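Those protein sequences? They're chains A and B, same order as listed. When the letters of the first sequence are read in order and numbered with full-length UniProt numbering, they come out as residues 604 to 664, 667 to 688, 694 to 816, 831 to 957, 960 to 1027. When the letters of the second sequence are read in order and numbered with full-length UniProt numbering, they come out as residues 600 to 664, 668 to 736, 739 to 1153. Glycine included, every Cβ here is placed at the ideal spot set by N, Cα and C.
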Amino acid sequence: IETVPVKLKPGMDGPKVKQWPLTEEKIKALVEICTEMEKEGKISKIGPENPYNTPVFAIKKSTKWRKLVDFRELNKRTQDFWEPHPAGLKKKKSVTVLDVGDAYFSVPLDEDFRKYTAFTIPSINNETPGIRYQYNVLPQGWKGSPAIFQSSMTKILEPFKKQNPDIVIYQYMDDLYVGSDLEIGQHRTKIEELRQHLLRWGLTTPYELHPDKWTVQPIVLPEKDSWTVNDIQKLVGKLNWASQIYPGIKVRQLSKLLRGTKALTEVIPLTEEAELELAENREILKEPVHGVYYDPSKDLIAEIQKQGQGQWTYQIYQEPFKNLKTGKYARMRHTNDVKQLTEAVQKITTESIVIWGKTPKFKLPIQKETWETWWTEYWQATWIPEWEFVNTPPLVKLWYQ
Amino acid sequence: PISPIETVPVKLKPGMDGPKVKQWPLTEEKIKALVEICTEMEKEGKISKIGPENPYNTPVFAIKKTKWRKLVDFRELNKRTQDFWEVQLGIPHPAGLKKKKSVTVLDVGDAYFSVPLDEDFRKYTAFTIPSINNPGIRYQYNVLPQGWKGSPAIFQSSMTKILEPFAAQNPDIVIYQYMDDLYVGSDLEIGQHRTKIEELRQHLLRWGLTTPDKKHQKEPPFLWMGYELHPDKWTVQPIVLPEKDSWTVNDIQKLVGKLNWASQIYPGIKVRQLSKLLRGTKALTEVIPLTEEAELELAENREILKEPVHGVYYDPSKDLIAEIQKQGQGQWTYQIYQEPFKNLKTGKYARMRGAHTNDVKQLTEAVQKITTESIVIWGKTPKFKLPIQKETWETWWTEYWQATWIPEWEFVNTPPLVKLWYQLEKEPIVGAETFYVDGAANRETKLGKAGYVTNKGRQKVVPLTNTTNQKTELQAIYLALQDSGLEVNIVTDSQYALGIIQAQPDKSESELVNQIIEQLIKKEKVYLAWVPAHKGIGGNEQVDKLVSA
Ligand SMILES: CCC(=O)n1c(=O)n(CCOc2ccccc2Oc2cccc3cc(C#N)ccc23)c2ccccc21
Ligand SMILES: [Mg+2]
Ligand SMILES: [Mg+2]
């Protein structure tokens, strides 16, 4: 019933972000949702003296519509206030995500800070200036909400952690990550006990992960019965690339097999010395890299390459050529490029939350306006990472393939 | 006039005090006009005489441009008052208005002066009528001043709250709000509608908002924000493309402005060569000499603007449909309509988004632009009738490294059809001569050379002046295309050149790449391979030593 005073970082004004145009259907879904939230006291209409704004989106997590707020800019502008992570969570065999964001609506928001949560339901064709609201309670998606609720959350979870000491519970924004080494049936039972415990204590709740099976995918070299000059040139070029990461790689015996000026389709027998050199290079790629250490002060970066036939490769790093994690997602196709990319982004971000406790900054292989138009059609998570848009085609594709 | 509306609280920016801009002396005639205007405004409650304690001032002026009017320079008070929720910048687009049996235009008279101003803020609007002697008639505002930062957003807000009631008990009357105007439409009997208008008038008059009587209500055609609104159609206002011997930067900006404006209804407007002229642009005063292509473009625009064109309004009951046609090199044009020859609106798209591109890429971007604009104007995406076949587009978007969202569309066979002019090979070509190419340039003397060595024993070096390592690496590829048969394998060490060719462009800013494209189209099979430089890979090392010596 009492509010927790919230501040913005010194010398920083509230967010002023443009609301994106929406289809009539998503606007209609937002008006219904916001009428009900206004009747419940969670939001109130505001006047023209509030200049701030945060974008809102209608998504589905899924037969009914849900409202998602892009508080990325407000989170940057209050972060001092909201900025631990357990390293054991990635080790657990099963990890289940629980949406606990509805519990934030029990807690009133600092009256002086509410104006910074302003948002706009847009009109079509600029017919109306748009419907304006701000938040009376802690909004989902604001990094201040789990931080203010944190004491209540510890209090509710204390009995359960007492009962189950080997079970890991990590909270990131609106979600709880719950890790065990138990058998899958025992795990889902322990999850359901925690749900019912939360439900009987007034926290409403609506994802099974297995980080014990993740890994930084090793570089793979082709295996062919007959090699052409072109195949050896590709091979030598890929090995030359990997030699920036793995120092012991050599290509002298392989490139010797091309000495002269040969037709690209000419068949070259893989001689012994060259075959040993290739076999040695296959062994060095099995061993992992060294000196790749995570730095909590630096931003995580994710790159993604379209590989075709529903496959997408990705790398997470903080410094070039120092990958912390690599991976390859596949889609068992009704599918399209945007659906697969949206899904890959959410998977990578979830993996990143589990492993390091923050979201990476994505370099997305898509045109900005195409992403801005369609990203909500398949977005089911309650968070939103940073992103930018790039091309970088060259050979990155075939090397991570 | 002044309304019983609640006020909006207003603050100055934190740490800022009110303006104290001293008043300039005014002609005795202007002092007299101000005195009679202010006594009439004090009489109406809009302003009030204040004591000598108010330390704030804002300069006041009077002009007739007879009808003397009072103008107040609020620049300093504006710089000191808080920001507000931005009033409507975007205006409605005529093509998104839903046709209505009846439409009425109400001008609210003295709109701002009818809305009260926050009590605690009135002291900062203080102004003084000058005394020839110097003396000093201090005043302050009680209503929204004209030219103050807050008036548009606070009047907007107030009018929304005022209208809420009538709207509720009249949920079938559409009431657009825009500045100090209201545009009311309905599908009723001219009589019922009129009566409903008169009700809204009297309701607004109960809140202090005067509105026009039939004898004074504006009539169609409506000249509004550069448009012409008729009852059943809309178009843009007269566009006069000037005729000049010499053209400045500023003249070209105004010219592409008007042409961009005309393109929303006149199909076929092209602006790309003209806006190419403003690249380094610099000062709006610099004379920019016109290109032959800019002259032809402008001349084709005047041909189009010779014929009158109109758009129709929206019927949410009929499908929304978009067609796209190629309009030359990199230039595209589109129509959006519900009835096959009755256009809601048109537009164009002529962006290369890079030095090189291809037709299918540009068409997909055009569709993207249309999608975004449809959501803005109608709240939905259209159906697409496009001059490209599924095999063409599917091949492209499958092979394309960038994620793409291709709508459901219907091939319309109307040349020129969008096609892939060529396709590189995916596998090396048997029997085709293999060209090992390389180029080099001296980064100081700017001199260079392009050369090849093939597997048949042919070698060649061509010399180059005023060039760079990047350009010579493209010239080496061009040379191998020139000297080869209809099938050719090419091996380069240039990541630069490989990236340009692998993208498979069919149009370019650089004539060299344009030349390479002409060669690629005449070939039957081209395979392009890449190898790391200076790694002694056969064939590549020979051309390097060749173009290096
Ligand atoms: C059909 C008869 C007719 O005169 N007009 C018509 O159907 N439209 C399209 C529908 O537009 C409106 C719908 C509801 C409220 C007002 C409407 O008209 C306007 C909308 C937006 C801005 C406007 C600005 C002016 C001015 N000046 C006038 C009307 C506006 C029409 C649109 C314009 C004019 C007549 C009709
Ligand atoms: Mg908003
Ligand atoms: Mg070279």
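Whose CA, out of B/679, B/705, B/645, B/779, lies closest to the CA of residue 717 of chain B? The residue you call residue 717 of chain B lines up with position 115 of the second sequence. When only C-alpha atoms are compared, the closest one is B/645.
Does DSSP put residue 960 of chain B in a helix, in a strand, or in coil? Reading the second sequence from its first residue, position 356 is the one you call residue 960 of chain B. Residue 960 of chain B: strand per DSSP, three-state reduction.
Does DSSP classify residue 1001 of chain B as helix, strand or coil? Mapped onto the second sequence, residue 1001 of chain B falls at position 397. Helix, per DSSP.
Quick check for students: name the residue ranges of the alpha helix (DSSP H) that lie wholly in the segment 739–825 of chain B, counting only runs of 4 or more. 755–772, 794–810
For the segment 1132–1145 of chain B, list every residue whose C-beta sits within 9 Å of some C-beta in chain A, in sequence order. 1133, 1134, 1135, 1136, 1139, 1140, 1141, 1142, 1143, 1144, 1145
Would you kindly check if the distance between the Cβ of residue 795 of chain A and the Cβ of residue 778 of chain A is under 9 Å? Numbered from its first residue, the first sequence carries residue 778 of chain A at position 168. Numbered from its first residue, the first sequence carries residue 795 of chain A at position 185. The answer is no: Cβ separation not under 9 Å.
Suppose the cutoff is 8 Å on Cβ atoms and the five residues either side in sequence are ignored; what does the same chain contact list for residue 658 of chain B look like? For the purposes of this step, residue 658 of chain B is taken as the residue at position 59 of the second sequence. Within the same chain, residue 658 of chain B has close Cβ partners 620, 621, 622, 623, 674, 675, 729.
So what does DSSP say about residue 1153 of chain B, is it helix, strand or coil? Taking the second sequence and counting its residues from 1, one reaches residue 1153 of chain B at position 549. If DSSP states are grouped into helix, strand and coil, residue 1153 of chain B belongs with coil.
Please classify residue 1091 of chain B: does DSSP put it in a helix, a strand, or coil? Here the question's residue 1091 of chain B lines up with position 487 in the second sequence. Correct three-state label for residue 1091 of chain B: strand.
Looking at residue 980 of chain B and ligand 2, is the gap between the Cβ and the nearest heavy atom below 8 Å? The count along the second sequence starts at 1 and reaches residue 980 of chain B at position 376. No, ligand 2 has no heavy atom inside 8 Å of this Cβ.
Measuring straight from C-alpha to C-alpha, what distance separates residue 791 of chain A and residue 947 of chain A? Stepping through the first sequence from its first residue, residue 791 of chain A is reached at position 181. Stepping through the first sequence from its first residue, residue 947 of chain A is reached at position 323. So the alpha carbons of these two residues sit roughly 27 Å apart.
Supposed close pair residue 747 of chain A, residue 719 of chain A - CB separation, criterion 8 Å: Translated into positions along the first sequence, residue 747 of chain A becomes position 137. Translated into positions along the first sequence, residue 719 of chain A becomes position 109. Sure, about 6 Å apart at Cβ, within 8 Å.
So, does the CB of residue 963 of chain A fall closer than 9 Å to a CB anywhere in chain B? Position 337 of the first sequence, counted from the start, is the residue given in the question as residue 963 of chain A. Yes, its Cβ sits closer than 9 Å to a Cβ of chain B.
What would DSSP say about residue 1001 of chain A, mapped onto helix, strand or coil? Taking the first sequence and counting its residues from 1, one reaches residue 1001 of chain A at position 375. Note: residue 1001 of chain A maps to helix in three-state DSSP.
Relative to the C-alpha of residue 754 of chain A, which residue among A/781, A/860, A/742, A/855 is closest? Within the first sequence, residue 754 of chain A is the residue found at index 144, counting from 1. The residue with the shortest Cα to Cα distance from residue 754 of chain A is A/781.
Applying a beta-carbon distance threshold of less than 7 Å, which residues of chain A neighbour residue 686 of chain B? Counting from one through the second sequence, the residue named residue 686 of chain B turns up at place 84. Here the neighbours are 651, 652, 654.
Just the chain B side, please: which residues come within less than 7 Å of residue 992 of chain A by C-beta, in chain order? What you label residue 992 of chain A is simply residue 366 of the first sequence in a count that begins at 1. Those within 7 Å of residue 992 of chain A in chain B are 1006, 1007.
Within the segment 995–1046 of chain B, ranges of the beta strand (DSSP E) (whole runs, at least 3 residues): 1013–1015, 1037–1045
Would you kindly check if the distance between the Cβ of residue 678 of chain B and the Cβ of residue 732 of chain B is under 9 Å? On the second sequence, position 130 is the one that residue 732 of chain B refers to. On the second sequence, position 76 is the one that residue 678 of chain B refers to. Against a cut-off of 9 Å, the Cβ pair of residue 678 of chain B and residue 732 of chain B comes out as no contact.
Where does residue 947 of chain A fall in DSSP's three states? To locate residue 947 of chain A, count along the first sequence from 1; it is residue 323. DSSP places residue 947 of chain A in strand when its eight states are reduced to three.
So which residues of chain B does residue 883 of chain A contact, with C-beta pairs closer than 7 Å? As a first step, residue 883 of chain A must be located in the first sequence, where it is residue number 259. Within 7 Å Cβ-Cβ: 1142.
Mind checking the segment 971–1003 of chain B against chain A and listing, in chain order, the residues whose C-beta falls within less than 9 Å of any C-beta there? 972, 973, 975, 976, 979, 980, 981, 982, 983, 984, 985, 1001, 1002, 1003
In whole angstroms, what is the alpha-carbon distance linking residue 819 of chain B and residue 812 of chain B? The residue you call residue 819 of chain B lines up with position 215 of the second sequence. The residue you call residue 812 of chain B lines up with position 208 of the second sequence. So the two alpha carbons sit approximately 21 Å from each other.
Taking Cβ positions, are residue 719 of chain B and residue 743 of chain B nearer each other than 9 Å? Here residue 719 of chain B refers to the residue found at position 117 when the second sequence is read from its first residue. Here residue 743 of chain B refers to the residue found at position 139 when the second sequence is read from its first residue. Against a cut-off of 9 Å, the Cβ pair of residue 743 of chain B and residue 719 of chain B comes out as no contact.
Closer than 8 Å: residue 836 of chain A CB and nearest ligand 3 heavy atom: Counting from 1 along the first sequence, the entry for residue 836 of chain A is found at position 212. Not so, every heavy atom of ligand 3 lies at least 8 Å from the Cβ.
Give the single residue among B/700, B/603, B/1024 whose Cα lies nearest to the Cα of residue 982 of chain B. As a working note, residue 982 of chain B is residue 378 in the second sequence. Looking at the Cα atoms, B/700 is the closest of the given residues.
If you measure from the CB of residue 826 of chain B, is any heavy atom of ligand 1 nearer than 8 Å? One-based indexing of the second sequence puts residue 826 of chain B at position 222. Residue 826 of chain B: yes, Cβ under 8 Å from ligand 1.
DSSP three-state call for residue 880 of chain A: helix, strand or coil? Working through the first sequence from its first residue, we reach residue 880 of chain A at position 256. Residue state, collapsed to three classes: helix.
Would DSSP call residue 1076 of chain B helix, strand or coil? For the purposes of this step, residue 1076 of chain B is taken as residue 472 along the second sequence, with counting starting at 1. Residue 1076 of chain B falls in the helix class under three-state DSSP.
Please tell me whether, using a cut-off of 8 Å, the distance from the CB of residue 1098 of chain B to the nearest non-hydrogen atom of ligand 3 is below it. By 1-based counting over the second sequence, the position of residue 1098 of chain B is 494. Under cutoff, so the answer is yes.
Rounded straight-line distance, which links the Cα of residue 638 of chain A to that of residue 1020 of chain A: Counting from one through the first sequence, the residue named residue 1020 of chain A turns up at place 394. Counting from one through the first sequence, the residue named residue 638 of chain A turns up at place 35. Their Cα atoms are separated by approximately 51 Å.
Closest to residue 1151 of chain B by C-alpha separation, out of B/863, B/828, B/777, B/1076, would be which residue? Taking the first residue of the second sequence as 1, we reach residue 1151 of chain B at position 547. Measuring from the Cα of residue 1151 of chain B, the nearest candidate turns out to be B/1076.
I'd like to confirm something about residue 659 of chain A: is its beta-carbon nearer than 8 Å to some heavy atom of ligand 2, or not? By 1-based counting over the first sequence, the position of residue 659 of chain A is 56. True, at least one ligand heavy atom lies under 8 Å from that Cβ.
So, with DSSP's three-state summary, where would you put residue 923 of chain B? For this step, residue 923 of chain B is matched to residue 319 along the second sequence. The answer is coil: DSSP assigns residue 923 of chain B none of H, G, I, E or B.
Going by CA-CA distance only, name the one from A/752, A/880, A/634, A/845 that's closest to residue 1025 of chain A. The residue labelled residue 1025 of chain A in the question sits at position 399 within the first sequence. Checking every option, the nearest Cα to that of residue 1025 of chain A belongs to A/845.
Is there a C-beta anywhere in chain A that falls below 9 Å from the one on residue 609 of chain B? On the second sequence, residue 609 of chain B is found 10 positions in, with the first residue counted as 1. Yes, residue 609 of chain B lies at the interface with chain A (some Cβ there is under 9 Å from its Cβ).
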